[PDB]
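Below you will find one chain, with nothing else, as structure tokens; this is the form deposited in one PDB entry, and questions on how it binds or moves follow later.
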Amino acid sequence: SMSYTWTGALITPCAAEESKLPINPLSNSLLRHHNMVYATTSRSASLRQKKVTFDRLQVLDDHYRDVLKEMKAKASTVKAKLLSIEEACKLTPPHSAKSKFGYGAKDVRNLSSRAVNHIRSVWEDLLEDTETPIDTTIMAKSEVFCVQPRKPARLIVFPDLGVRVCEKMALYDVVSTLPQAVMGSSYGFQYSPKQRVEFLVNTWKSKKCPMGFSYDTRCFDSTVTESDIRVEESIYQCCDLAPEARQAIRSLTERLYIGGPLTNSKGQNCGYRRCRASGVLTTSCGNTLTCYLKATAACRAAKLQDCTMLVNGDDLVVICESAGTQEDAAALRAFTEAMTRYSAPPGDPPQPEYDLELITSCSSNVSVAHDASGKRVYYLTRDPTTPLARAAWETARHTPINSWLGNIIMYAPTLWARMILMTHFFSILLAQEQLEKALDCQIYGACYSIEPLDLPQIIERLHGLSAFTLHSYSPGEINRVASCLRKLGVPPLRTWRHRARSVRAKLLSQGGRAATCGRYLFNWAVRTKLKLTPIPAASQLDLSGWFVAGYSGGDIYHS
């Protein structure tokens, strides 16, 4: 069927939309070529629509039915708990889009009688009505990027806050446990950056002659069919569920997950959806399962050898036993034809790679650096263009989410995150003393409220002391960063070193934790550097739950 149908009404914004980076003193320090940074707006929704709208082609086969059964078999071991209204409400982000029924996120978290009564009614309605499509709002997603040698905005579709709270009750436990029980080590979100690097290396070194490739599905969401969504529910249905949880999942599947009407911000009827809605709790899990299923089956159809998959929602990387240059190009092409039949056509054609560092998955790639000792240490890095553009944007304007804080946590070991991001921001934060102001950022979709003064502990727990001494990065890595700093017009190492030394000092100076920041995060700043040792408070932080499952668009907030 058509992934989308449109009435012709427009996808509208519910407020004004900024697209250009503002001329700002504090923002010019970091990035100079401001006219290169932009934000997507609804003004380009139509371009995205034309690209996501089309009629899906899908042909299942024995390999597909076989992998599905293997997956359903493992799903059978799971027992999922029904979440209480209180626990569900406790998972709702503080600034989640309010309900159109007279209450918002604040009330939901407070457990106010009004928000709770409505959630129950929405739940009762789920147990009783198994057909009526549930309404969803469509909006153009606002994302910053850097011009290219632009990008039309991504589309987001989500239901009312009431329903979202119900999803959590019926499915939170399922989407957080199942992926893991079904795909095992292949499930990406169970890994912190370091562990992913480790899995990618151990998987790589386990083959005699490794051959890997990343696989980019063209607008994965619009490629998800009604069959895929029922196949996905068929997997959930294998869990031991509470009766109401089972009705809720059956009803959420027919009334929301497979499709439904689309309403813009103005109340108008925009059209209909018959594919994955990016804004429901099951998006991340559903996609990870679907992508894993099609890839695992496709790998058998293409005669690829020793298929080790790594899946993160729609992002997919494959590492396997090479069979020869020619043979691998043929096997890989066969793989794409298989995925195309299962309705996962390629965006950019996959390319076999024989150098791990040359593989981009989750917009990242593994790379080598050296620590104080001089021993080789692997870390996860990525082209810094987008992280930096976004940092500039987050410096010039005020935003709910702080990607820089999230990028510093996920990429603390990188040359760019420490040199630029840490220096830039800690400098700005001190100059307004807000090192204690907790900020919100995201990790695998989930929203987190993190304190900037706790970054040393976090970096040591997640990446290890080496992250503070990495040096002698790879040739490829410095080229990228160089090329990047040249492009956006960012001041050279010389300038950052100088700014860091100034931040370090004013940090060691003022106090305790802040001094810890200066001593650890900026140890690369001084020549007569202090010998770094394990930070006590580190093993005190509850990093449980940080890397268990993906929640992109799932409206989740961990406290």
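Sequential numbering from 1, following the sequence displayed. What we label the rigid core is the largest C-alpha set whose atoms superpose within 1.5 Å from one form to the other.
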| query | finding |
| --- | --- |
| Between stretches 469 to 477 and 317 to 325, more displaced by Cα RMS in 5 other deposited structures of this protein (rigid core superposition) | 469 to 477 |
| Farther-lying stretch by C-alpha RMS in 5 other deposited structures of this protein (rigid core fit) among 65 to 73, 491 to 499 | 491 to 499 |
| Across other compared entries, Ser544 missing in at least a third | no |
| Deposited but uncoordinated residues in the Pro149/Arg150 interval | 4 to 9 |
| Higher-B stretch (mean Cα B-factor, as the entry records it), 8 to 16 or 540 to 548 | 540 to 548 |
| Stretch with the greater mean C-alpha B-factor as recorded in the entry, comparing 167 to 175 against 328 to 336 | 328 to 336 |
| Most elevated Cα B-factor in the entry, residues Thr385, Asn479, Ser234, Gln180 | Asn479 |
| Highest recorded Cα temperature factor - choice among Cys239, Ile249, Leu405, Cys484 | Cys484 |
| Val368 - which third its CA temperature factor falls in, relative to the rest of the chain | highest |
| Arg56 CA temperature factor, ranked by third within the chain | middle |
| Third of chain Cα B-factors occupied by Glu198 | middle |
| Third of the chain, ranked by Cα B-factor, where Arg504 sits | highest |
| Ranked against its chain, the third holding the CA B-factor of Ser192 | lowest |
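The same protein also exists as the form solved in complex with a small molecule; that form is not shown, yet it is the one meant from here on.
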{"query": "Contact segment among 503 to 511, 530 to 538, 60 to 68, 490 to 498, judged by heavy atoms lying within 4.5 Å of the small molecule in the deposited complex", "finding": "490 to 498"}
{"query": "Residue (of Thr225, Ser96, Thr395, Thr137) lying close to the small molecule in the deposited complex, criterion heavy atoms within 4.5 Å", "finding": "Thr395"}
{"query": "Residue (of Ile420, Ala298, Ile119, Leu281) lying close to the small molecule in the deposited complex, criterion heavy atoms within 4.5 Å", "finding": "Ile420"}
{"query": "Partner proximity in the deposited complex: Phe425 to the small molecule, non-hydrogen atom cutoff 4.5 Å", "finding": "yes"}
{"query": "4.5 Å heavy atom contact, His34 to the small molecule in the deposited complex", "finding": "yes"}
{"query": "Contact test in the deposited complex: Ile229 vs the small molecule, heavy atoms, 4.5 Å", "finding": "no"}
{"query": "Non-hydrogen atom contact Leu435 with the small molecule in the deposited complex at 4.5 angstroms", "finding": "no"}
